[PDB]
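The next block holds one structure in the form of structure tokens; read it before the comments.
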Amino acid sequence: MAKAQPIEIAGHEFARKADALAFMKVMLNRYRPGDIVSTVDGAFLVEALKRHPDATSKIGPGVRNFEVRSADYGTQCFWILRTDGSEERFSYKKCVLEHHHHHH
């Protein structure tokens, strides 16, 4: 119960919050702003999404696929393509917690 365990996503146990982010950034940088994410990586993204309270709002009727597209300038982010034909975006950076360490 009260135990600081490693960050588990889709079975993958990361020894750090920044460690989980690294994995996502690696594959992210390996795609272009118009390419579809592989089913393997997508399966990870699904569980990485579901671990957020906004899950129902982001997903809607269901996840169809994930596309890598620009967030603002040069930066890449994962877009959720819904089965209804719509789309959404989520900031993977907050996969675990902020805990005041959000530096300004």
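By convention in this document, the chains of the structure tokens carry letters A, B, ... by their order, each chain's residues are numbered from 1, and ligands are numbered from 1 in the order they are shown.
Across range 17-80 of chain A, DSSP run on the backbone finds strand (DSSP E or B) at residues 35, 36, 63, 64, 65, 66, 67, 68, 69, 70, 76, 77, 78, 79 and 80 of chain A.
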Write out as number ranges by chain the set of residues from range 18-71 of chain A that DSSP, computed on the backbone, places in alpha helix (DSSP H).
A: 18-30, 39-50, 55-59
Store the residues picked out above in a file with N, CA and C atoms, as a short mmCIF file (atom, residue, chain, number, x, y, z; two decimals), in the first residue's frame.
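The result, stored in out-v3.cif:
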```cif
data_model
loop_
_atom_site.label_atom_id
_atom_site.label_comp_id
_atom_site.auth_asym_id
_atom_site.auth_seq_id
_atom_site.Cartn_x
_atom_site.Cartn_y
_atom_site.Cartn_z
N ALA A 18 11.16 10.57 -14.85
CA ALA A 18 11.89 11.04 -16.04
C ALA A 18 12.33 9.87 -16.95
N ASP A 19 12.45 8.68 -16.36
CA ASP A 19 12.80 7.46 -17.11
C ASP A 19 11.65 7.05 -18.04
N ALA A 20 10.42 7.13 -17.53
CA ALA A 20 9.22 6.86 -18.34
C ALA A 20 9.09 7.86 -19.51
N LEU A 21 9.40 9.13 -19.23
CA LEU A 21 9.37 10.18 -20.26
C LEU A 21 10.40 9.90 -21.37
N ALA A 22 11.60 9.46 -20.96
CA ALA A 22 12.67 9.15 -21.90
C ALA A 22 12.21 8.16 -22.99
N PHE A 23 11.63 7.04 -22.56
CA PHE A 23 11.12 6.02 -23.49
C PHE A 23 10.19 6.63 -24.55
N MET A 24 9.24 7.44 -24.10
CA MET A 24 8.29 8.09 -25.02
C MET A 24 8.98 9.08 -25.96
N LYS A 25 9.95 9.84 -25.44
CA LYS A 25 10.69 10.81 -26.26
C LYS A 25 11.52 10.11 -27.34
N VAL A 26 12.10 8.96 -27.01
CA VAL A 26 12.91 8.19 -27.97
C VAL A 26 12.10 7.82 -29.22
N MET A 27 10.99 7.10 -29.04
CA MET A 27 10.14 6.73 -30.17
C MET A 27 9.54 7.98 -30.85
N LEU A 28 9.13 8.96 -30.05
CA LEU A 28 8.59 10.23 -30.57
C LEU A 28 9.55 10.87 -31.58
N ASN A 29 10.82 10.99 -31.20
CA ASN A 29 11.86 11.57 -32.07
C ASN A 29 12.13 10.69 -33.30
N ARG A 30 11.73 9.42 -33.22
CA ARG A 30 11.93 8.47 -34.32
C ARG A 30 10.79 8.54 -35.36
N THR A 39 1.71 -0.05 -33.54
CA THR A 39 0.75 -0.65 -32.60
C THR A 39 1.40 -0.95 -31.24
N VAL A 40 2.66 -1.39 -31.27
CA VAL A 40 3.40 -1.69 -30.04
C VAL A 40 3.55 -0.45 -29.14
N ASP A 41 4.06 0.64 -29.73
CA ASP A 41 4.21 1.91 -29.01
C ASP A 41 2.85 2.49 -28.63
N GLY A 42 1.89 2.39 -29.55
CA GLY A 42 0.53 2.84 -29.29
C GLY A 42 -0.10 2.17 -28.08
N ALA A 43 0.11 0.86 -27.95
CA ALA A 43 -0.38 0.09 -26.80
C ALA A 43 0.17 0.65 -25.47
N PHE A 44 1.41 1.12 -25.51
CA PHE A 44 2.03 1.78 -24.36
C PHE A 44 1.35 3.13 -24.08
N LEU A 45 1.16 3.91 -25.15
CA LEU A 45 0.50 5.22 -25.07
C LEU A 45 -0.92 5.12 -24.48
N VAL A 46 -1.66 4.08 -24.89
CA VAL A 46 -3.02 3.86 -24.37
C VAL A 46 -3.03 3.80 -22.83
N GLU A 47 -2.19 2.93 -22.27
CA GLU A 47 -2.11 2.78 -20.81
C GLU A 47 -1.52 4.05 -20.15
N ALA A 48 -0.57 4.69 -20.83
CA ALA A 48 -0.01 5.97 -20.37
C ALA A 48 -1.09 7.06 -20.33
N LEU A 49 -2.06 6.95 -21.23
CA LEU A 49 -3.21 7.85 -21.25
C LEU A 49 -4.20 7.51 -20.12
N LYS A 50 -4.61 6.24 -20.06
CA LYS A 50 -5.59 5.75 -19.08
C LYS A 50 -5.22 6.07 -17.63
N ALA A 55 -9.00 10.54 -18.74
CA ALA A 55 -9.08 9.40 -19.67
C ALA A 55 -10.38 9.38 -20.49
N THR A 56 -11.52 9.36 -19.81
CA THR A 56 -12.83 9.33 -20.49
C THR A 56 -13.00 10.49 -21.49
N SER A 57 -12.54 11.68 -21.10
CA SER A 57 -12.67 12.88 -21.94
C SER A 57 -11.77 12.79 -23.18
N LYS A 58 -10.55 12.28 -23.00
CA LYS A 58 -9.58 12.19 -24.10
C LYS A 58 -9.98 11.11 -25.12
N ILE A 59 -10.35 9.94 -24.60
CA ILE A 59 -10.65 8.76 -25.43
C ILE A 59 -12.01 8.88 -26.16
#
```
Give me the residues of range 81-100 of chain A that have any atom at most 10 Å from an atom of range 62-69 of chain A; for each, the nearest atom pair and the distance in Å, rounded to one decimal. Use only C-alpha atoms, sort by chain and number, and format it as CSV.
```
residue,atom,partner,partner_atom,distance
A:81,CA,A:65,CA,5.3
A:82,CA,A:63,CA,4.9
A:83,CA,A:64,CA,4.8
A:84,CA,A:62,CA,8.0
A:85,CA,A:64,CA,8.5
A:86,CA,A:64,CA,9.6
A:87,CA,A:66,CA,9.2
A:88,CA,A:66,CA,9.5
A:89,CA,A:69,CA,9.4
```
Kindly indicate which residue among A:6, A:53, A:11, A:33 lies nearest to residue 94 in chain A, using only C-alpha atoms for the distances.
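Checking each of A:6, A:53, A:11, A:33 against residue 94 in chain A, counting only C-alpha atoms, the winner is A:53.
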In terms of the shortest atom-to-atom distance over only C-alpha atoms, which of A:60, A:72, A:93, A:78 is closest to residue 31 in chain A?
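Comparing A:60, A:72, A:93, A:78 against residue 31 in chain A, the winner is A:78.
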For residue 16 in chain A, which residue among A:34, A:79, A:4, A:51 is the nearest when counting only C-alpha atoms?
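Of A:34, A:79, A:4, A:51, the one nearest residue 16 in chain A, counting only C-alpha atoms, is A:4.
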Given only C-alpha atoms as the counted atoms, nearest of A:37, A:90, A:103, A:8 to residue 71 in chain A
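That would be A:90, the residue with the smallest distance to residue 71 in chain A.
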